[PDB]
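Q: Before we start, here is the structure in question, set down as structure tokens.
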Amino acid sequence: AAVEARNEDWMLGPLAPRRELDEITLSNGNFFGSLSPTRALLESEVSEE
Amino acid sequence: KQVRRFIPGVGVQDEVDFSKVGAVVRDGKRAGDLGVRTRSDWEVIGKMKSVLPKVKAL
Amino acid sequence: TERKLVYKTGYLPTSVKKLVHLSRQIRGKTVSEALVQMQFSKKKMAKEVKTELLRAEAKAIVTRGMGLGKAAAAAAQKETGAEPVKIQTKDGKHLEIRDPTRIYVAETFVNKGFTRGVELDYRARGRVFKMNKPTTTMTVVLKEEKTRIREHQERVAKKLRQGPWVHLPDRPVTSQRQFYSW
Amino acid sequence: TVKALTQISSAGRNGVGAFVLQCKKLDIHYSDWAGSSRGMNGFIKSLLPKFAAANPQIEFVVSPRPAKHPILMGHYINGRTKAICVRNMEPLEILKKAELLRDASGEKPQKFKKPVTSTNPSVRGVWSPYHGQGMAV
Amino acid sequence: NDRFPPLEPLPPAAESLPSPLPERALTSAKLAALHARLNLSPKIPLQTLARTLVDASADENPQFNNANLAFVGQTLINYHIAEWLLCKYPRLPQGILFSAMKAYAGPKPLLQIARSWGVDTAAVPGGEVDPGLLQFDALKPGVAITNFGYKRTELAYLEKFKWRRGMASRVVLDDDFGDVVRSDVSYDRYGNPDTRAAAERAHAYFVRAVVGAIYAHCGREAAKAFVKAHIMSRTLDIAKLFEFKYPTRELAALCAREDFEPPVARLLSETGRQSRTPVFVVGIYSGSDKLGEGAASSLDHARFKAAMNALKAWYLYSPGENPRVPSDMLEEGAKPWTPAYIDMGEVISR
Amino acid sequence: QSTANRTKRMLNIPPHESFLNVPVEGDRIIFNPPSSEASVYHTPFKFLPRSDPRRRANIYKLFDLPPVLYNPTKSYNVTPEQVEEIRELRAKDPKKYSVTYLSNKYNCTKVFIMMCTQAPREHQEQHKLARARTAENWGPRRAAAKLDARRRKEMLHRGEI
Amino acid sequence: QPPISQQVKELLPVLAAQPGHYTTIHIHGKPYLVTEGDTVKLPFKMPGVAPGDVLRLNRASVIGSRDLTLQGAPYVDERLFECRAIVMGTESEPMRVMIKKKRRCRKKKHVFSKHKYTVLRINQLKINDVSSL
Amino acid sequence: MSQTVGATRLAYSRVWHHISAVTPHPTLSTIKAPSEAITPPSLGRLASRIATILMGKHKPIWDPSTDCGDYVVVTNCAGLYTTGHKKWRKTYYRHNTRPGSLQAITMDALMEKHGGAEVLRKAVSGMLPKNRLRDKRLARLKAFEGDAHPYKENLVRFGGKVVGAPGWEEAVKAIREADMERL
Amino acid sequence: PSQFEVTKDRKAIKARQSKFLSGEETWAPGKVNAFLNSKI
Amino acid sequence: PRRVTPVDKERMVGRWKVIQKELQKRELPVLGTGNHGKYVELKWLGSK
RNA sequence: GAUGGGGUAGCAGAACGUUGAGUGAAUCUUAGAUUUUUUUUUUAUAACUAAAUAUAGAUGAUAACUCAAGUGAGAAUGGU
Ligand SMILES: [Mg+2]
Ligand SMILES: [Mg+2]
Ligand SMILES: [Mg+2]
Ligand SMILES: [Mg+2]
Ligand SMILES: [Mg+2]
Ligand SMILES: [Mg+2]
């Protein structure tokens, strides 16, 4: 999403979208510029190695 | 009229105009032997700052 | 210079051969014209296309800024008695654009998604057949009327650039022969 | 009243009055490590020195290019470029390939259709059914 | 860094100079090939050909720049074509003459002669660039050469208020092509119609400079052969530079001036009248003599086209394809000069 | 056909009869006037200067007229005094004394009445508007054929037709 | 050499005086109707020629202007005209593959053909003055 | 290539030729003596000449793909010349793919319903290449029964004399003599 | 899609839509889409 | 003696000296990868 | 100014490509190694030039010669 958001800010210029006012991403359910509790607290179990 | 060419087994044959006729082929291990204009020749032509064409021809 | 919004709808419980006809109906129409056709259609998926077209319009107005120039355009037409722009779409329909910021449905295509489910068809002779329940989506590309006023000026310039029709054209002779035939 | 047009210029015909070799540069890429560059290395030491002296109107640039096959890249006056991979070729095969780039032009290859290409009008003009003796059906 | 040593040994004070040094031209492979491509004589050193490639926009100094060579070259190119055009077509109208001088020695054709020599331009002028590249500054607005034409007192009115200029004063007041005289940095931009002009100007000045160097080193006769081989060898259809307004009226003034009997349009042949694409062939006859013939779809257009073909035949009269030039006399002893034809002028009519 | 060589044979056209009379012995220069349109570089003998030495006899001599189409006649029926009346009437009542009324009164060509006199600006601008209002009643199909007539005329005078 | 006919000696100036001239040169027996400036692309690779070489063409079947045509019985005499060309290098074609195959037979045999062609430029075509001859 | 470079406007123009089916044709007649026995061009020999004109195969720029044909106005087709007993014994057939719907008609009866022009078109039709240019070319064959037709102004002229008229050849030669008086 | 309960993110995009259309706020290009060093 | 890199070509043309100014004025990395480090979002989650 | 030129069954010669292996603790890579694409060129089942997108310092790719085969598919009412 950052690979495509940077190409639009380069191309659109003064027409750059306001992505902060957009709806959530239904894949993960996150807002723009926000992590998920599982990824912000790093609570995912890791292997012993 | 033929233009300068490099023959692999003979050498560098110079330009010849059969209208005024001379296939001179110069071979060697140095650029001077080949008969072409080398870098040193361009330095001798660049230092000749006195050469000037006659006023009548200018 | 030209704003654009690509919106992909949610997974609709229908097929591509059914919804394809609902995307060809709203193609080229303005969002207001396209919503009036979904409100009065008899198709069950026209109610879903009316909800997804209201979401895309909200994204265009908020995220992309489209459709936000009305008040300013209404002045020139009335306050100054200006002559609006008259264009002709690629299909040939003549339009009269008074507000160049009006949103419309530039492009639209339907794709097929995952398999909703699987039904079993129990025929005679103990035969069973699998019936795949389809889900499908639609994409709408929303643009402002400035895109149609630019595309019309290009088609008009390409028509005035091909030159006029001459009575006796200088057609080429495409056979070369090493002699004269006349 | 005669008004002169100012949107037509003279067209050049290379070969008439003066000739200009279309090949203006030749890039010679070799590799000291690649085994496929064994012949290209022998061409640069025995055949290139004299071939480069026979064509003083061509810019020869010899640069290494490890981990890559050897190529002969000729740049032409029309802006196009032709590259030839000379992997596993003997020194005398490279000299035959460098003569292909020198005699060639930057244009794209095209099938043989018509020998003559002329931009000058017919000495005897194109036929007309109105400038002859007539015809009776 | 240590892994990438510089390819070209240069002093530290080399990226700041306006143009490469003279001694730099003695180690570049582009010049040595460019010198050998044009078959220039060994009289012209490589330090001189390099100066021809440095435009006055990249270097303000009078030396190291094309300003002086490009002047001496423009005078020779213009003079040799002017005399050759008047000897070949002695009756060309003056406006067409300006168009034909501009069609050979103008910025447009001279830009193609430089691109046919394999001359690559430098991105931005600097002392680091190799002298074999044409280097100029396309963002500098005020760069121009010195010309013999003078500025018109009414120049502002002509442009703003569409005043009339004329075609008899252009010879003295205007330039050799009839045109009026005097008509940090950020590289985040695109091309401009003004920069394209500077690109055309830089190429033209270079081709003119090469002729200025040939004249200085090799003499006059060498320059004439270079112009005759590279410039005059180009082909142009002068019949396509003609634009007629009321040709039938002009043709009538011609016959009246030359005392020829009045012209009469006669229908030589025709077919397909009352059709979509008829053909009418009308011939304009002065007495029994046939001046010109034209075929068109409309009867009126056929009469107009026939009148143009008769006028083109009058103006495009050529004594010969390779006529003698007055410049052939000042050289080594040649045959005595024979007076060349001098036409009265193009007909002025209603 | 199958191959390009087979196509060249089916599309063959033989050269002109004149070229097929090859001389068996020696070289001969023959007269072969072609059935084509001559260019403008074949200056007619009437346009050659007397100085030019190439004015030979017809090549035919080295081995009625067609129907009239446009033969105009110029007439001068308006005296200097009558040119002042034209300038008075035109400037007095430009709607009654048009160039057609004055042309018929003085037996002149309509163009001449405009050469000696010009209507007031108000009247001139009124004429361009009438024709401008007439150019708005044309549909897209007639307005495109009316523009082609104006381009074919400018092309004709540029040597493009 | 054989003296030229008197009829060709009196009409050659009338032929050289006209505006344009063409010729039919014969390279190895094949004709090519050309004019000064034309670009002949021969269907073969002339051996032993490099770009810049000048060729003098001496086998011309026809030399004519608009109205006049000079024909030689086998060929026109070389003394009358002077035609010269210049070798502009050689060009090639895009590789074309011919697939020789028979029905109900899987073996498809390929033939790869990519020929080279020499390109010329007629830079001189003039008719000589034979008043002295 | 120079032979084709130029203005080919008039080489592609459509010329309106004219021939009368009643005038004796010395070239297209099989009886060449005596002068009074010379007959007009027969149906199939007049049709083979017309088909050549419709295809433009008489021009030096002919190309089968390019439609460079000309017009041919045939008058006096009521007096179409035929040999033997074709007129009353030649049959023209026709079928519409329905068994039993076979139509037969003789030349004399087809010359009564649709005149002699229909018999000429059926002959010229079978002599043209069977392709998408067939109906364009055949439509340029304008055949009439009498001496009247609407193309009396389209017929190609030379100095005011229609080709085929009494003195057109002298008018053509008088214009070529005026052409040679130039460089 | 017509039956999904509108979430908090869909209710805030409808209040902004009525604020831009009404004219209260003026739309401006986004400034946090990506942190580029060019800033153009 | 060494391989000609896209950097070497630009220096010959003269464009490089201008690129160093623009990249330096924008705080971008001339001939390097800067002080920024490798992507660690997936590495921090325990990716293997 | 060498001779020769269709081909089934069939016989024979010479090569390319795929996978793995040795030389290899080798060579090359943010000055872009690698990117199923597009493009260019070269007598070309192959490689190469350039372009566009992404971003790797080796669990990456790789010339040349060699070694071993689970090595080449429009055809089996073939199988998934
Ligand atoms: Mg059961
Ligand atoms: Mg057939
Ligand atoms: Mg055989
Ligand atoms: Mg065999
Ligand atoms: Mg890739
Ligand atoms: Mg299978």
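Backbone-built Cβ (ideal geometry, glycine too); neighbour counts: all protein chains shown. Just so it is clear, none of the values below were taken in a lab; they were calculated from the coordinates.
Q: Assuming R0 = 51 Å, what is the FRET efficiency of J:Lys38 and C:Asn111, from their Cβ-Cβ distance, to the nearest 0.05?
A: Between J:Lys38 and C:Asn111 the formula returns 0.90.
Q: Taking θ as phi - 60°, what are the ³J(HN,Hα) couplings along region E:9-14 by the Karplus curve (6.51, -1.76, 1.60), each to the nearest whole Hz, with x for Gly and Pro?
A: x, 9, x, x, 8, 10
Q: Can you tally the net charge around C:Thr80? Count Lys and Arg as +1, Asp and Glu as -1, for every other residue whose Cβ sits under 15 Å from the Cβ of C:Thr80.
A: So the environment of C:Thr80 carries a net charge of -1.
Q: Out of G:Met98, G:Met46, G:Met88, any idea which swings most in a Gaussian network model of chain G, alpha carbons joined below 10 Å?
A: The residue that fluctuates most here is G:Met98.
Q: Too long at a 28 Å Cα-Cα cut-off: which of E:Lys240/G:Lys30; C:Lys159/H:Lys59; D:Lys96/G:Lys126; D:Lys24/E:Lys140; B:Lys49/E:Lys224?
A: Listed pairs above 28 Å: E:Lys240/G:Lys30; C:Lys159/H:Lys59; D:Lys96/G:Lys126; D:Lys24/E:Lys140.
Q: What residues qualify as long-range amide H neighbours of E:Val347, i.e. H under 5 Å apart, gap of 5 or more or another chain, H built at 1.01 Å from N?
A: none
Q: Under 13 Å Cα to Cα from G:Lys109, which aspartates and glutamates show up? Leave out anything in the same chain fewer than 8 places away.
A: none
Q: Moving on to the next point. What residues qualify as long-range amide H neighbours of C:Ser181, i.e. H under 5 Å apart, gap of 5 or more or another chain, H built at 1.01 Å from N?
A: When sequence neighbours closer than 5 places are left aside, the close amide H contacts are F:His16.
Q: Another question, then. Taking amide H positions as placed 1.01 Å from N in the peptide plane, with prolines and chain starts having none, which residues 5 or more places from G:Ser92, or on another chain, fall under 5 Å of its amide H?
A: D:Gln110, G:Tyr117
Q: Convert each backbone phi in region E:144-151 into a coupling constant with the Karplus relation 6.51 cos²θ - 1.76 cosθ + 1.60 (shift: θ = phi - 60°), then list the ³J(HN,Hα) values in order as whole Hz, x for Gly and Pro.
A: These are the phi-based 3J(HN,Hα) values: 7, 8, 8, 10, 7, x, 9, 7 Hz.
Q: Moving on to the next point. Does anything in region C:39-68 have its amide N under 20 Å from the 7 Å Cα→Cβ label point of A:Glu20, and if so which residues?
A: Once the point is set 7 Å along Cα→Cβ of A:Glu20, C:59-66 turn out to lie under 20 Å by backbone N, inside region C:39-68.
Q: Can you tell which of C:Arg161, C:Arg55, C:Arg127 shows the greatest fluctuation in a Gaussian network model of chain C with Cα springs below 10 Å?
A: Among C:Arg161, C:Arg55, C:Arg127, the largest GNM mean-square fluctuation belongs to C:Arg127.
Q: Ok, one more. Along the positive direction of the dipole of region E:1-100 (beta-carbon charges: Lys, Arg +1; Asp, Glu -1; about the Cα centre), which of E:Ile77, E:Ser28, E:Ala56 reaches farthest?
A: Positive-most Cα among the choices belongs to E:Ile77.
Q: Treating cross-link reach as a plain straight distance, find the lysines whose alpha-carbon is under 19 Å from the alpha-carbon of H:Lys90, omitting any fewer than eight places away in the same chain.
A: Cα-Cα hits under 19 Å: H:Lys113, H:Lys122.
Q: Work out the mean other chain Cβ neighbour count within 10 Å for the residues of G:49-59 and drop it here as an integer. Mind dumping the intermediate values first?
A: Numbers: counts 4, 10, 12, 12, 5, 8, 1, 3, 0, 0, 0.
The mean count of partner-chain Cβ atoms within 10 Å per residue comes to 5.
Q: Once you charge only the Cβ atoms, +1 for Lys and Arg and -1 for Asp and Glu, what is the size of the charge dipole of the protein assembly as shown about its Cα centre, to the nearest 20 debye?
A: So the dipole magnitude of the protein assembly as shown works out to roughly 5880 debye.
Q: Still on this model: Could you tell me the relative contact order of region D:22-63? Use alpha-carbon pairs under 8 Å, at least six residues apart, and round to a whole percent. If you can, show how the numbers build up before the last one.
A: Working: 32 pairs, mean separation 27.5, N = 42.
Averaging sequence separation for qualifying contacts and normalising by length gives 65 percent for region D:22-63.
Q: Could you name the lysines whose alpha carbon sits less than 28 Å from that of J:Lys38, not counting residues in the same chain fewer than 8 places away?
A: Result set, ordered by chain and number: I:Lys31, I:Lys39, J:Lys21, J:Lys25, J:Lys48.
Q: Using only DSSP helix segments of four residues or longer, with each worth -39500 (n - 2.57), what per-residue ellipticity at 222 nm results for the protein assembly as shown after dividing by its residue count and rounding to 500?
A: Roughly -9500 deg cm²/dmol at 222 nm, from the helical runs in the protein assembly as shown.
Q: Name the residue, out of G:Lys116, G:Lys100, G:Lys30, whose mean-square fluctuation peaks in a Gaussian network model built on chain G with Cα pairs under 10 Å.
A: Highest fluctuation among the options: G:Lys100.
Q: Right, something else. Which ³J(HN,Hα) values, rounded to whole Hz and listed in residue order, are derived for region E:157-169 from phi using the Karplus coefficients 6.51, -1.76 and 1.60 in 6.51 cos²θ - 1.76 cosθ + 1.60 with θ = phi - 60°, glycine and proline given as x?
A: With the stated coefficients, region E:157-169 comes to 5, 4, 6, 6, 10, 6, 6, 8, 9, x, 10, 9, 7 Hz.
Q: Something else about it: Going by average Cβ neighbours within 10 Å, how do the peptides E:137-143, E:247-253 rank, with the highest at the top?
A: Peptide ranking by packing, descending: E:247-253, E:137-143.
Q: Further question on the same structure: Relative contact order of chain C, please, whole-number percent, based on alpha carbon pairs below 8 angstrom and at least 6 residues apart.
A: The value is 30 percent.
Q: Then there's this: Just tell me how shielded E:215-224 is by partners: mean number of partner chain Cβ atoms within 10 Å of each residue's Cβ, no decimals. The partial results should precede the final answer.
A: Working: counts 2, 3, 4, 3, 7, 4, 3, 2, 0, 0.
Neighbouring Cβ atoms belonging to other protein chains average 3 per residue here.
Q: Cβ neighbours within 10 Å, averaged per peptide: list F:147-158, E:151-162, J:11-22, E:203-214 in order, most packed at the top.
A: Descending mean neighbour count gives E:203-214, J:11-22, F:147-158, E:151-162.
Q: Hey, another quick one. Could you order peptides E:73-86, H:83-96 by the average number of other Cβ atoms within 10 Å of their residues, highest first? Before the final figure, lay out the partial values.
A: Values: E:73-86: 19.9, H:83-96: 11.3.
In descending order of packing, they fall as E:73-86, H:83-96.
Q: In whole angstrom, how far apart do the alpha carbon centroids of region F:116-161 and chain A sit?
A: Cα centres, region F:116-161 to chain A: 62 Å.
Q: Another one. Which entries of C:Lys86/C:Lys158; F:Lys95/F:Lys146; D:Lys114/G:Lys45; E:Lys245/H:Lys173 show an alpha-carbon separation above 23 angstrom in the structure shown?
A: Over 23 Å Cα-Cα: F:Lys95/F:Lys146; E:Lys245/H:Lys173.
Q: Hey, with R₀ at 25 Å, roughly what FRET efficiency would F:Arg87 and E:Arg165 work out to, going by the Cβ-Cβ distance, to 0.05?
A: Efficiency, from the Cβ-Cβ distance: 0.25.
Q: Relative contact order for chain G: what percent, with Cα pairs under 8 Å and sequence separation of 6 or more?
A: Reported as a whole number, the value is 29 percent.
Q: Roughly how crowded by other chains is peptide C:64-74, in terms of the mean Cβ count from those chains within 10 Å of each of its Cβ atoms?
A: Mean partner-chain Cβ count within 10 Å for C:64-74: 3.
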